[PDB]
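Student: The structure under discussion is supplied below as structure tokens; questions concerning it will follow.
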Amino acid sequence: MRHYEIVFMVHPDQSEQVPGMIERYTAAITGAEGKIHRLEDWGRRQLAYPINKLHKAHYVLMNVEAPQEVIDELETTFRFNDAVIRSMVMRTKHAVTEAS
Amino acid sequence: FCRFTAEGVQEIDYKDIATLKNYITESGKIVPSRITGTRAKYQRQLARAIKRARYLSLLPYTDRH
Amino acid sequence: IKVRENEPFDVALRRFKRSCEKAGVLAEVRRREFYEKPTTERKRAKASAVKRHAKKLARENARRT
Amino acid sequence: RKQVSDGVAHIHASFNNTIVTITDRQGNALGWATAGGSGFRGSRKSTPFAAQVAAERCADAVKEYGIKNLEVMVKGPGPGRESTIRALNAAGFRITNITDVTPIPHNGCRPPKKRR
Amino acid sequence: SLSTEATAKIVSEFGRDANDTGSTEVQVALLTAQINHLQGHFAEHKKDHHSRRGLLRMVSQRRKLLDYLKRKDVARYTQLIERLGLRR
RNA sequence: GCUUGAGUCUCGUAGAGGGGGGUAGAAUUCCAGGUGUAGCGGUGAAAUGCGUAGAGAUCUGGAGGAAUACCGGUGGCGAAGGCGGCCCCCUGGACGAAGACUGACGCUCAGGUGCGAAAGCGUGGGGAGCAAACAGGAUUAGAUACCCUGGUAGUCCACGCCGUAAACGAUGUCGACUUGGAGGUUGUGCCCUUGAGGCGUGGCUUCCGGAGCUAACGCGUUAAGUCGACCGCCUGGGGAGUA
């Protein structure tokens, strides 16, 4: 099916929600017959500019494969969630493994 | 000069920010290919890696951040 | 752009970084969208740049001195 | 009063006039002087010498605050912008940083028409 | 438009075999699927004039093949336009 | 009948091709607050304008609109008009390698049909900046202009209308043929990828020049050379692309 390269940052003060947030997303993916290729979390790293007067966001890479209407429910989840700033749904022809 | 991206068969992705900071100048602007000597195909996808890294705060837009 | 150098004070080392692209940009955003003259000036530029290439290559025959 | 030690010296560097002001690290101002208020009016407001007299007139009336070190911010394509800073290190200051903070739009609002 | 498994499907019913992919009968039925699918694209958006030229190119291409098939074998022409539904 | 024209398919590749939705940063303006004090702004000079009711400068926060620095390239794509941040969805064409397939299905068209910069128009929004008109200040013999300070339609969005440009390469479309050189961009084959190497081969594109052509300027394998197919068009200047 379609390949995707999702990277979304998370509000620091909610970093203990992150392994809960991660398994929330992949349960919707593999429960809709979705392959997964990566879960490479990068931890809290320094921003280049302040996103909403704030530094040191928590970065989460997924790089998952899903049908395009299943992921269409996923970015609107990133909209209505204050703990997520700057999602980025993306794409390659052949999603891959460890890259950083 | 030459293009090291054409020396290999790799792909310039936005996540490899260690090799992108020698392609921007000291104020965040992209260095032209007439200085660096990159091929025109890889220079076009290099700026697509600069612009995606600027969105995800891995690289700054200006130096006033 | 940002010089926080030590020792003896002499911007001298500042105008190297600053007169690079901090006045040509502000003098051309100074007025007029142009929308088509950039094109004219741009296309007049490189017709005079290859005028420096195709004449100075043909100027190395002799110099009459 | 507050007797602050380190400050910031912003330099506005328009074509017709140069404004130099002195603030602190927090960003609220202390004193200012312009080239139009130093006795230079009209054609002589656009002179680097008039930006020097605006600097030493601003280097005074901040003796009340006791600044010995300051940063330098320059903004605008002015005829001053560097003769102003030479009138500050000669005035007994420790210039830690000199920074260009001129506003460059990444292509935004439309400028006016070229005058003929 | 007209993905790879769909193009392999149409060449089976209209062609002689799976490798007879160029005949005048399979070409009309292949263009008809690309015509009929892009009506859903041009139901909405409607202002895609740069893509409608591609549709109008293959609409006029199908008429130039149907006029050729009527000139060669009229028995296969009446067989084909009934099998798709054509002539207004 | 045949496969060489034309077209289909199988793999790929590049792209500001188009339509729809989201979103980011820089900057202008405005609003609010802090600090701060007599100037700011503008010009060849000056004034109008702004400011002691606290401007301008500076800092924090907010609102909103439009445009996407650097990359950016006699670079790319599109039939032309045209198209530049980033991400997704839908979608058009071009091109290359190796084959397979249909078998002249082609070329060009009066009328017709569609597309078609900017300005303008209609209805409904939006309105930062810019800015016809208009208003004031200058300059001037006069200035109805150039310059200055303001500033409304308009520029923006949706849906229609308009159907015009120095809409230009001032060069219609298609096909064939005829010395070269330097490049750009984008596929691909082989050999020692043994090294950004060497040899090729396509597509589009820029420049300079040979023959020949042209009144000359120039054009020159992307012809304005040598030919063929069809179409549009021209017939002294004004009157007039007007009645």
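Identifiers for the structure tokens are assigned positionally: chains receive A, B, ... in sequence, residues are indexed from 1 per chain, and ligands are indexed from 1 in the order shown.
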Find the spatial neighbours of range 29-43 of chain B, counting only C-alpha atoms (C1' of nucleotides), within a cut-off of 9 Å - ignore same-chain residues fewer than 5 positions away - and output them as a PDB file with N, CA and C atoms (P, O5', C5', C4', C3', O3' and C1' of nucleotides), in the first residue's frame.
Tutor:
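The new file out.pdb reads:
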ATOM      1  N   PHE B   1      35.619  21.500  -8.009  1.00  0.00           N
ATOM      2  CA  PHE B   1      34.896  20.702  -7.025  1.00  0.00           C
ATOM      3  C   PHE B   1      33.976  19.694  -7.700  1.00  0.00           C
ATOM      4  N   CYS B   2      33.370  18.825  -6.898  1.00  0.00           N
ATOM      5  CA  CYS B   2      32.454  17.807  -7.389  1.00  0.00           C
ATOM      6  C   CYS B   2      31.345  17.590  -6.371  1.00  0.00           C
ATOM      7  N   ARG B   3      30.425  16.690  -6.702  1.00  0.00           N
ATOM      8  CA  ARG B   3      29.301  16.356  -5.833  1.00  0.00           C
ATOM      9  C   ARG B   3      29.578  15.010  -5.173  1.00  0.00           C
ATOM     10  N   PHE B   4      29.630  15.005  -3.841  1.00  0.00           N
ATOM     11  CA  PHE B   4      29.824  13.756  -3.114  1.00  0.00           C
ATOM     12  C   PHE B   4      28.558  12.909  -3.105  1.00  0.00           C
ATOM     13  N   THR B   5      27.397  13.524  -3.356  1.00  0.00           N
ATOM     14  CA  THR B   5      26.164  12.759  -3.488  1.00  0.00           C
ATOM     15  C   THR B   5      26.154  11.931  -4.767  1.00  0.00           C
ATOM     16  N   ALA B   6      26.832  12.408  -5.815  1.00  0.00           N
ATOM     17  CA  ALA B   6      26.986  11.614  -7.028  1.00  0.00           C
ATOM     18  C   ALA B   6      28.170  10.660  -6.931  1.00  0.00           C
ATOM     19  N   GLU B  11      20.884   9.007  -0.667  1.00  0.00           N
ATOM     20  CA  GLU B  11      19.778   9.948  -0.824  1.00  0.00           C
ATOM     21  C   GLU B  11      19.912  11.017   0.249  1.00  0.00           C
ATOM     22  N   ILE B  12      19.839  12.283  -0.157  1.00  0.00           N
ATOM     23  CA  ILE B  12      19.923  13.389   0.789  1.00  0.00           C
ATOM     24  C   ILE B  12      18.584  13.524   1.496  1.00  0.00           C
ATOM     25  N   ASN B  22      27.017  21.989   6.743  1.00  0.00           N
ATOM     26  CA  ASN B  22      28.093  22.516   5.916  1.00  0.00           C
ATOM     27  C   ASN B  22      27.595  22.991   4.559  1.00  0.00           C
ATOM     28  N   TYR B  23      26.301  22.825   4.278  1.00  0.00           N
ATOM     29  CA  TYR B  23      25.690  23.302   3.052  1.00  0.00           C
ATOM     30  C   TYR B  23      24.922  24.599   3.231  1.00  0.00           C
ATOM     31  N   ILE B  24      24.709  25.047   4.460  1.00  0.00           N
ATOM     32  CA  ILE B  24      24.134  26.358   4.722  1.00  0.00           C
ATOM     33  C   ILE B  24      25.251  27.286   5.174  1.00  0.00           C
ATOM     34  N   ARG B  48      15.359  21.029  -0.796  1.00  0.00           N
ATOM     35  CA  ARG B  48      14.170  20.391  -0.245  1.00  0.00           C
ATOM     36  C   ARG B  48      14.466  19.711   1.082  1.00  0.00           C
ATOM     37  N   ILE B  50      16.852  21.162   3.150  1.00  0.00           N
ATOM     38  CA  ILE B  50      17.014  22.341   4.000  1.00  0.00           C
ATOM     39  C   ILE B  50      15.650  22.867   4.432  1.00  0.00           C
ATOM     40  N   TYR B  61      15.761  29.230  10.347  1.00  0.00           N
ATOM     41  CA  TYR B  61      15.456  30.074   9.195  1.00  0.00           C
ATOM     42  C   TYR B  61      16.419  31.251   9.116  1.00  0.00           C
ATOM     43  N   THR B  62      16.558  31.991  10.212  1.00  0.00           N
ATOM     44  CA  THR B  62      17.503  33.092  10.311  1.00  0.00           C
ATOM     45  C   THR B  62      18.468  32.814  11.453  1.00  0.00           C
TER      46      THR B  62
ATOM     47  P     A F  14      13.865  11.265 -10.096  1.00  0.00           P
ATOM     48  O5'   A F  14      13.783  12.707 -10.753  1.00  0.00           O
ATOM     49  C5'   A F  14      14.958  13.348 -11.223  1.00  0.00           C
ATOM     50  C4'   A F  14      14.646  14.366 -12.290  1.00  0.00           C
ATOM     51  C3'   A F  14      13.639  15.428 -11.910  1.00  0.00           C
ATOM     52  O3'   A F  14      14.186  16.450 -11.103  1.00  0.00           O
ATOM     53  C1'   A F  14      13.107  14.587 -14.039  1.00  0.00           C
ATOM     54  P     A F  69      11.375  32.780  -2.232  1.00  0.00           P
ATOM     55  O5'   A F  69      12.422  33.799  -1.600  1.00  0.00           O
ATOM     56  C5'   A F  69      12.708  35.036  -2.237  1.00  0.00           C
ATOM     57  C4'   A F  69      13.654  35.875  -1.419  1.00  0.00           C
ATOM     58  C3'   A F  69      15.113  35.449  -1.446  1.00  0.00           C
ATOM     59  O3'   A F  69      15.802  35.963  -2.573  1.00  0.00           O
ATOM     60  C1'   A F  69      14.435  35.864   0.787  1.00  0.00           C
ATOM     61  P     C F  70      16.418  34.979  -3.678  1.00  0.00           P
ATOM     62  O5'   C F  70      17.516  34.142  -2.889  1.00  0.00           O
ATOM     63  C5'   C F  70      18.660  34.770  -2.329  1.00  0.00           C
ATOM     64  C4'   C F  70      19.369  33.845  -1.376  1.00  0.00           C
ATOM     65  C3'   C F  70      19.663  32.450  -1.909  1.00  0.00           C
ATOM     66  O3'   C F  70      20.849  32.404  -2.682  1.00  0.00           O
ATOM     67  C1'   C F  70      18.725  32.305   0.268  1.00  0.00           C
ATOM     68  P     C F  71      20.785  32.132  -4.264  1.00  0.00           P
ATOM     69  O5'   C F  71      20.388  30.596  -4.378  1.00  0.00           O
ATOM     70  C5'   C F  71      21.201  29.586  -3.804  1.00  0.00           C
ATOM     71  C4'   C F  71      20.399  28.347  -3.514  1.00  0.00           C
ATOM     72  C3'   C F  71      19.746  27.689  -4.720  1.00  0.00           C
ATOM     73  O3'   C F  71      20.626  26.795  -5.380  1.00  0.00           O
ATOM     74  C1'   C F  71      18.164  27.914  -2.961  1.00  0.00           C
ATOM     75  P     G F  72      21.111  27.066  -6.888  1.00  0.00           P
ATOM     76  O5'   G F  72      20.220  28.294  -7.361  1.00  0.00           O
ATOM     77  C5'   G F  72      20.817  29.535  -7.705  1.00  0.00           C
ATOM     78  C4'   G F  72      19.911  30.330  -8.604  1.00  0.00           C
ATOM     79  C3'   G F  72      19.531  31.714  -8.105  1.00  0.00           C
ATOM     80  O3'   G F  72      19.365  32.572  -9.235  1.00  0.00           O
ATOM     81  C1'   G F  72      17.584  30.398  -8.351  1.00  0.00           C
ATOM     82  P     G F  73      20.548  33.566  -9.635  1.00  0.00           P
ATOM     83  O5'   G F  73      20.941  33.096 -11.105  1.00  0.00           O
ATOM     84  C5'   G F  73      20.071  32.237 -11.863  1.00  0.00           C
ATOM     85  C4'   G F  73      20.857  31.101 -12.477  1.00  0.00           C
ATOM     86  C3'   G F  73      20.403  30.686 -13.869  1.00  0.00           C
ATOM     87  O3'   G F  73      21.295  31.288 -14.799  1.00  0.00           O
ATOM     88  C1'   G F  73      20.446  28.791 -12.415  1.00  0.00           C
ATOM     89  P     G F  75      21.479  28.693 -18.930  1.00  0.00           P
ATOM     90  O5'   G F  75      20.628  27.891 -17.848  1.00  0.00           O
ATOM     91  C5'   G F  75      19.365  27.288 -18.192  1.00  0.00           C
ATOM     92  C4'   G F  75      18.995  26.243 -17.168  1.00  0.00           C
ATOM     93  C3'   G F  75      17.676  25.525 -17.400  1.00  0.00           C
ATOM     94  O3'   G F  75      17.807  24.429 -18.299  1.00  0.00           O
ATOM     95  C1'   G F  75      17.752  26.296 -15.174  1.00  0.00           C
ATOM     96  P     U F 185      24.072  21.556 -15.540  1.00  0.00           P
ATOM     97  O5'   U F 185      22.629  20.974 -15.869  1.00  0.00           O
ATOM     98  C5'   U F 185      21.457  21.684 -15.504  1.00  0.00           C
ATOM     99  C4'   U F 185      20.241  21.135 -16.204  1.00  0.00           C
ATOM    100  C3'   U F 185      19.975  19.655 -15.996  1.00  0.00           C
ATOM    101  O3'   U F 185      19.343  19.379 -14.763  1.00  0.00           O
ATOM    102  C1'   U F 185      19.762  20.182 -18.290  1.00  0.00           C
TER     103        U F 185
END
Student: Contacts of residue 62 in chain E at 8 Å or less, counting only C-alpha atoms (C1' of nucleotides), minus same-chain residues fewer than 6 places along, as number ranges by chain?
Tutor: E: 27-28, 31-32
Student: Limited to N, CA, C and O atoms, could you put the picked residues into a file as a CSV table (one decimal), in the first residue's frame?
Tutor:
chain,number,residue,atom,x,y,z
E,27,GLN,N,-7.8,-0.9,-27.5
E,27,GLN,CA,-7.4,0.5,-27.3
E,27,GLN,C,-8.6,1.4,-27.0
E,27,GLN,O,-8.5,2.4,-26.3
E,28,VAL,N,-9.7,1.1,-27.7
E,28,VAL,CA,-11.0,1.9,-27.5
E,28,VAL,C,-11.5,1.6,-26.0
E,28,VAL,O,-11.9,2.5,-25.3
E,31,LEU,N,-9.3,3.4,-23.4
E,31,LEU,CA,-9.5,4.8,-23.4
E,31,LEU,C,-10.8,5.1,-22.7
E,31,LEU,O,-11.0,6.2,-22.1
E,32,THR,N,-11.8,4.2,-22.9
E,32,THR,CA,-13.2,4.4,-22.3
E,32,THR,C,-13.1,4.4,-20.8
E,32,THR,O,-13.8,5.1,-20.1
Student: If we count only C-alpha atoms, which residues of chain C reach to within 6 Å of chain D? Please list them as a PyMOL selection string.
Tutor: chain C and resi 1-4+31-32
Student: Compile the contact shell of residue 176 in chain F as a PyMOL selection string: residues with an atom at most 12 Å away, counting only C-alpha atoms (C1' of nucleotides), same-chain residues fewer than 6 positions apart removed.
Tutor: chain F and resi 226-229
Student: Determine, using only C-alpha atoms, which residues of chain B have any atom at most 9 Å from an atom of chain C, and tabulate each with its shortest atom pair and distance in Å to one decimal place, rows ordered by chain and then rising number, as a tab-separated table.
Tutor:
residue	atom	partner	partner_atom	distance
B:26	CA	C:1	CA	8.4
B:27	CA	C:1	CA	7.5
B:63	CA	C:1	CA	8.3
Student: When the cut-off is 7 Å and we count only C-alpha atoms, which residues of chain B are near chain A, given as a PyMOL selection string?
Tutor: chain B and resi 15-16+57-60+65
Student: Sorted by chain and rising residue number, list the residues of chain E at most 10 Å from chain F (counting only C-alpha atoms (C1' of nucleotides)), each with its closest atom pair and distance in Å to one decimal, as a tab-separated table.
Tutor:
residue	atom	partner	partner_atom	distance
E:1	CA	F:91	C1'	7.7
E:4	CA	F:10	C1'	9.5
E:7	CA	F:9	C1'	8.5
E:8	CA	F:9	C1'	9.1
E:11	CA	F:9	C1'	9.3
E:15	CA	F:101	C1'	9.9
E:18	CA	F:101	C1'	9.9
E:19	CA	F:100	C1'	6.6
E:20	CA	F:101	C1'	5.0
E:21	CA	F:101	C1'	5.2
E:22	CA	F:8	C1'	4.2
E:23	CA	F:102	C1'	3.8
E:24	CA	F:102	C1'	6.0
E:25	CA	F:102	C1'	8.8
E:26	CA	F:8	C1'	8.3
E:27	CA	F:8	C1'	6.2
E:28	CA	F:8	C1'	9.8
E:30	CA	F:8	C1'	8.9
E:31	CA	F:8	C1'	9.9
E:38	CA	F:91	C1'	8.4
E:40	CA	F:90	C1'	9.8
E:41	CA	F:90	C1'	6.9
E:42	CA	F:91	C1'	9.5
E:44	CA	F:19	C1'	9.3
E:45	CA	F:19	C1'	5.7
E:46	CA	F:19	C1'	7.7
E:47	CA	F:19	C1'	6.5
E:48	CA	F:19	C1'	5.0
E:49	CA	F:18	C1'	7.0
E:50	CA	F:18	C1'	5.1
E:51	CA	F:92	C1'	4.1
E:52	CA	F:92	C1'	7.3
E:53	CA	F:92	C1'	7.3
E:54	CA	F:92	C1'	5.3
E:55	CA	F:92	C1'	7.9
E:56	CA	F:114	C1'	9.6
E:61	CA	F:7	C1'	9.2
E:64	CA	F:105	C1'	7.5
E:65	CA	F:105	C1'	6.4
E:66	CA	F:105	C1'	9.4
E:67	CA	F:105	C1'	8.7
E:68	CA	F:105	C1'	5.6
E:69	CA	F:105	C1'	8.2
E:71	CA	F:105	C1'	9.7
E:72	CA	F:105	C1'	9.6
Student: Could you save those same residues with C-alpha atoms as a short mmCIF file (atom, residue, chain, number, x, y, z; two decimals), in the first residue's frame?
Tutor:
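This is the output file selection-v8.cif:
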data_model
loop_
_atom_site.label_atom_id
_atom_site.label_comp_id
_atom_site.auth_asym_id
_atom_site.auth_seq_id
_atom_site.Cartn_x
_atom_site.Cartn_y
_atom_site.Cartn_z
CA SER E 1 -5.22 6.95 -13.40
CA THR E 4 -1.63 -1.51 -13.45
CA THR E 7 -4.98 -2.21 -17.40
CA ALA E 8 -4.12 -5.91 -17.18
CA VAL E 11 -6.56 -6.43 -22.03
CA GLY E 15 -7.62 -8.67 -26.57
CA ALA E 18 -2.60 -10.86 -22.32
CA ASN E 19 0.20 -9.73 -24.69
CA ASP E 20 -2.10 -8.37 -27.43
CA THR E 21 -2.06 -4.94 -25.81
CA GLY E 22 -2.13 -2.74 -28.92
CA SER E 23 -5.17 -3.75 -30.98
CA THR E 24 -7.85 -1.29 -32.07
CA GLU E 25 -10.49 -3.05 -29.97
CA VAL E 26 -8.50 -3.06 -26.72
CA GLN E 27 -7.39 0.54 -27.29
CA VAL E 28 -10.97 1.86 -27.45
CA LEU E 30 -8.86 1.19 -22.48
CA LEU E 31 -9.50 4.83 -23.36
CA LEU E 38 -11.74 11.09 -15.00
CA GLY E 40 -15.29 11.65 -11.37
CA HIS E 41 -12.21 13.86 -11.25
CA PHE E 42 -13.91 16.50 -13.42
CA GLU E 44 -15.47 18.24 -8.89
CA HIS E 45 -12.53 20.69 -9.25
CA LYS E 46 -13.75 21.67 -12.74
CA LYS E 47 -11.17 24.33 -13.35
CA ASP E 48 -8.38 21.83 -14.10
CA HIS E 49 -7.97 23.01 -17.66
CA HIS E 50 -4.45 21.64 -18.00
CA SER E 51 -5.70 18.14 -17.18
CA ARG E 52 -8.89 18.44 -19.25
CA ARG E 53 -6.71 18.87 -22.33
CA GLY E 54 -5.37 15.39 -21.56
CA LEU E 55 -8.94 14.08 -21.34
CA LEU E 56 -9.92 15.85 -24.56
CA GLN E 61 -8.20 9.65 -29.79
CA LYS E 64 -10.17 8.35 -34.43
CA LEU E 65 -9.92 4.66 -33.54
CA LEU E 66 -13.68 4.07 -33.73
CA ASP E 67 -13.78 5.70 -37.17
CA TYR E 68 -10.91 3.42 -38.19
CA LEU E 69 -12.69 0.31 -36.88
CA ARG E 71 -13.78 1.50 -41.97
CA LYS E 72 -12.08 -1.89 -41.54
#
Student: Counting only C-alpha atoms (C1' of nucleotides), what are the residues of chain F within 12 Å of chain C, and for each of them which pair of atoms is the nearest and at what distance in Å, to one decimal? Sort the table by chain and rising number, as JSON lines.
Tutor:
{"residue": "F:27", "atom": "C1'", "partner": "C:29", "partner_atom": "CA", "distance": 10.9}
{"residue": "F:28", "atom": "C1'", "partner": "C:29", "partner_atom": "CA", "distance": 12.0}
{"residue": "F:67", "atom": "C1'", "partner": "C:33", "partner_atom": "CA", "distance": 10.8}
{"residue": "F:69", "atom": "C1'", "partner": "C:25", "partner_atom": "CA", "distance": 8.5}
{"residue": "F:70", "atom": "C1'", "partner": "C:21", "partner_atom": "CA", "distance": 9.9}
{"residue": "F:72", "atom": "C1'", "partner": "C:42", "partner_atom": "CA", "distance": 11.5}
{"residue": "F:73", "atom": "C1'", "partner": "C:46", "partner_atom": "CA", "distance": 11.0}
{"residue": "F:74", "atom": "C1'", "partner": "C:46", "partner_atom": "CA", "distance": 6.3}
{"residue": "F:117", "atom": "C1'", "partner": "C:36", "partner_atom": "CA", "distance": 11.8}
{"residue": "F:118", "atom": "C1'", "partner": "C:35", "partner_atom": "CA", "distance": 11.7}
{"residue": "F:129", "atom": "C1'", "partner": "C:33", "partner_atom": "CA", "distance": 11.6}
{"residue": "F:130", "atom": "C1'", "partner": "C:32", "partner_atom": "CA", "distance": 9.2}
{"residue": "F:131", "atom": "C1'", "partner": "C:32", "partner_atom": "CA", "distance": 11.7}
{"residue": "F:182", "atom": "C1'", "partner": "C:54", "partner_atom": "CA", "distance": 9.9}
{"residue": "F:183", "atom": "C1'", "partner": "C:50", "partner_atom": "CA", "distance": 11.3}
{"residue": "F:206", "atom": "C1'", "partner": "C:47", "partner_atom": "CA", "distance": 10.7}
{"residue": "F:207", "atom": "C1'", "partner": "C:50", "partner_atom": "CA", "distance": 8.4}
{"residue": "F:208", "atom": "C1'", "partner": "C:54", "partner_atom": "CA", "distance": 8.6}
Student: Interatomic distance between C1' of residue 46 in chain F and CA of residue 42 in chain D?
Tutor: 8.9 Å
Student: Please give the complete set of residues from chain C that DSSP, run on the backbone, assigns to helix (DSSP H, G or I), formatted as a PyMOL selection string.
Tutor: chain C and resi 12-18+37-56
Student: I need the residues from that last selection saved to file as a compact mmCIF listing (two decimals), in the first residue's frame (with N, CA, C and O atoms), if you can.
Tutor:
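selection.txt, written as the output of this step:
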# COMPACT_ATOMS: atom_id res chain seq x y z
N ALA C 12 36.68 45.80 11.56
CA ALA C 12 37.38 45.27 10.42
C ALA C 12 36.92 43.85 10.20
O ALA C 12 36.49 43.51 9.12
N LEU C 13 36.95 43.02 11.22
CA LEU C 13 36.58 41.62 11.02
C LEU C 13 35.07 41.43 10.95
O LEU C 13 34.58 40.31 10.81
N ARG C 14 34.33 42.53 11.05
CA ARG C 14 32.88 42.50 11.01
C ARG C 14 32.40 42.78 9.60
O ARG C 14 31.47 42.13 9.12
N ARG C 15 33.02 43.74 8.93
CA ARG C 15 32.59 44.05 7.57
C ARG C 15 32.91 42.93 6.59
O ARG C 15 32.39 42.95 5.47
N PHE C 16 33.74 41.96 6.97
CA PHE C 16 33.96 40.79 6.13
C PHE C 16 32.69 39.95 6.08
O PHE C 16 32.32 39.42 5.03
N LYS C 17 32.02 39.83 7.22
CA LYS C 17 30.84 38.97 7.31
C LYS C 17 29.58 39.71 6.85
O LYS C 17 28.63 39.09 6.38
N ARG C 18 29.57 41.04 6.98
CA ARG C 18 28.32 41.78 6.90
C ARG C 18 28.06 42.37 5.52
O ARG C 18 26.93 42.35 5.02
N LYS C 37 10.82 43.44 -15.07
CA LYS C 37 12.10 44.08 -15.34
C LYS C 37 13.27 43.28 -14.79
O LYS C 37 14.41 43.44 -15.24
N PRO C 38 13.00 42.40 -13.82
CA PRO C 38 14.00 41.55 -13.19
C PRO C 38 14.42 40.71 -14.36
O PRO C 38 15.60 40.58 -14.67
N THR C 39 13.42 40.14 -15.02
CA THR C 39 13.62 39.39 -16.21
C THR C 39 14.51 40.13 -17.19
O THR C 39 15.52 39.61 -17.58
N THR C 40 14.19 41.36 -17.54
CA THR C 40 15.02 42.09 -18.49
C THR C 40 16.40 42.27 -18.01
O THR C 40 17.33 41.94 -18.68
N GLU C 41 16.56 42.78 -16.81
CA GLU C 41 17.90 42.98 -16.29
C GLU C 41 18.71 41.69 -16.16
O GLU C 41 19.89 41.67 -16.46
N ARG C 42 18.04 40.61 -15.78
CA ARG C 42 18.63 39.31 -15.60
C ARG C 42 19.14 38.82 -16.92
O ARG C 42 20.25 38.37 -17.03
N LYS C 43 18.33 38.97 -17.95
CA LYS C 43 18.68 38.51 -19.27
C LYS C 43 19.65 39.40 -19.98
O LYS C 43 20.18 39.02 -20.98
N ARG C 44 19.84 40.61 -19.50
CA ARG C 44 20.82 41.48 -20.08
C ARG C 44 22.14 41.11 -19.41
O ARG C 44 23.18 41.20 -20.01
N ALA C 45 22.09 40.69 -18.15
CA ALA C 45 23.28 40.35 -17.38
C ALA C 45 24.15 39.26 -17.96
O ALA C 45 25.35 39.43 -18.10
N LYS C 46 23.53 38.14 -18.28
CA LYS C 46 24.25 36.97 -18.76
C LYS C 46 24.56 37.04 -20.24
O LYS C 46 25.44 36.32 -20.71
N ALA C 47 23.88 37.92 -20.98
CA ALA C 47 24.31 38.22 -22.34
C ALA C 47 25.55 39.11 -22.33
O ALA C 47 26.25 39.22 -23.34
N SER C 48 25.83 39.75 -21.19
CA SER C 48 27.08 40.49 -21.04
C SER C 48 28.10 39.69 -20.24
O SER C 48 29.28 40.05 -20.20
N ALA C 49 27.67 38.60 -19.58
CA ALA C 49 28.63 37.74 -18.90
C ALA C 49 29.34 36.83 -19.89
O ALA C 49 30.54 36.58 -19.78
N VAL C 50 28.60 36.32 -20.88
CA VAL C 50 29.22 35.53 -21.94
C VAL C 50 29.92 36.45 -22.93
O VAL C 50 30.74 36.00 -23.75
N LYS C 51 29.64 37.76 -22.88
CA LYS C 51 30.43 38.73 -23.62
C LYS C 51 31.82 38.87 -23.01
O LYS C 51 32.78 39.21 -23.71
N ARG C 52 31.96 38.58 -21.71
CA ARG C 52 33.28 38.58 -21.08
C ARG C 52 33.97 37.24 -21.26
O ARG C 52 35.20 37.16 -21.20
N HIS C 53 33.20 36.17 -21.48
CA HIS C 53 33.80 34.86 -21.72
C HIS C 53 34.27 34.72 -23.16
O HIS C 53 35.38 34.27 -23.42
N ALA C 54 33.42 35.12 -24.12
CA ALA C 54 33.73 34.85 -25.52
C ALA C 54 34.60 35.94 -26.15
O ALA C 54 34.94 35.85 -27.33
N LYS C 55 34.94 36.98 -25.39
CA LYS C 55 35.88 37.98 -25.91
C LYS C 55 37.26 37.81 -25.29
O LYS C 55 38.27 37.88 -25.99
N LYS C 56 37.32 37.60 -23.97
CA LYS C 56 38.60 37.44 -23.29
C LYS C 56 39.27 36.12 -23.65
O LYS C 56 40.49 35.99 -23.52
Student: Would you work out the distance separating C1' of residue 66 in chain F from CA of residue 53 in chain A, expressed in Å to one decimal?
Tutor: 25.3 Å
Student: Which residues come within 9 Å of residue 41 in chain A, counting only C-alpha atoms (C1' of nucleotides), excluding same-chain residues fewer than 6 positions away, as a PDB file with C-alpha atoms, in the first residue's frame?
Tutor:
ATOM      1  CA  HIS A  58      10.346  15.751  22.090  1.00  0.00           C
ATOM      2  CA  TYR A  59      10.699  14.186  18.635  1.00  0.00           C
ATOM      3  CA  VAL A  60       8.956  10.981  17.511  1.00  0.00           C
ATOM      4  CA  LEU A  61       9.604   9.298  14.152  1.00  0.00           C
ATOM      5  CA  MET A  62       7.268   6.534  12.959  1.00  0.00           C
TER       6      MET A  62
END
Student: Quick one, how far is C1' of residue 148 in chain F from CA of residue 38 in chain D?
Tutor: 24.7 Å
Student: Taking only C-alpha atoms (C1' of nucleotides) into account and nothing else, which residues of chain F lie no more than 12 Å away from chain A? Please answer as number ranges by chain.
Tutor: F: 22-25, 60-61, 86-89
Student: Between F:62, F:126, F:202, F:237, single out the one closest to residue 189 in chain F, counting only C-alpha atoms (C1' of nucleotides).
Tutor: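 Among F:62, F:126, F:202, F:237, it is F:202 that comes nearest to residue 189 in chain F.
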Student: Per DSSP on the backbone, what are the strand (DSSP E or B) residues of range 12-79 of chain A, as an mmCIF file with C-alpha atoms, in the first residue's frame?
Tutor:
data_model
loop_
_atom_site.group_PDB
_atom_site.id
_atom_site.type_symbol
_atom_site.label_atom_id
_atom_site.label_comp_id
_atom_site.auth_asym_id
_atom_site.auth_seq_id
_atom_site.Cartn_x
_atom_site.Cartn_y
_atom_site.Cartn_z
ATOM 1 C CA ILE A 36 5.187 -0.851 10.356
ATOM 2 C CA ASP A 41 12.302 7.895 18.954
ATOM 3 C CA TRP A 42 14.888 10.662 19.248
ATOM 4 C CA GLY A 43 14.079 11.976 22.722
ATOM 5 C CA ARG A 44 14.095 15.583 23.860
ATOM 6 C CA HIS A 58 10.346 15.751 22.090
ATOM 7 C CA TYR A 59 10.699 14.186 18.635
ATOM 8 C CA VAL A 60 8.956 10.981 17.511
ATOM 9 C CA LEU A 61 9.604 9.298 14.152
ATOM 10 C CA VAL A 64 4.860 3.617 8.881
ATOM 11 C CA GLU A 65 2.813 2.098 6.036
#
